[PDB]
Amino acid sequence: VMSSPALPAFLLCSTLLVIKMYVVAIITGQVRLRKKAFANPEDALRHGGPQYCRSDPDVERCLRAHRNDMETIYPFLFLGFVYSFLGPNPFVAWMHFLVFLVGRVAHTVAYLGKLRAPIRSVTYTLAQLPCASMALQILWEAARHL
């Protein structure tokens, strides 16, 4: 973990976000059980009958939050890892990772909590900023080593 000064901070933030995604998955299952809304007939028959194989708006919302996480957190896992080895200023790197972590946690809260628009959208944009920044820096480093 000491292979570069920014790496521990990256690994802390990334792993917290992976755990946060696992939390969303758990919540999704709990909502399916509570609302009796299952995607598979075999699940529905286990949990009350075939009429419970149905969509539910809260379940769909959970799925959207989880999908948005996959669209954003997964690229961060790649970009942040690579960026950690490019010798960025440690404090600047810390700020990139912290902005992403705070933005993404806020995003899930805003999504699952049904907060008014554009609160969720703002948190999405906020978290994308450090990702865009890291992507550009990686582009320059890669291009210049060709």
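The numbering used is simple: start at 1 and walk along the sequence shown.
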query	finding
Residue stretch of maximal mean CA temperature factor, 62-70 vs 36-44	36-44
Higher-B stretch (mean Cα B-factor, as the entry records it), 104-112 or 50-58	50-58
For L77, the third of its chain into which the C-alpha B factor falls	lowest
Record-listed C-alpha B factor of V122: chain third	highest
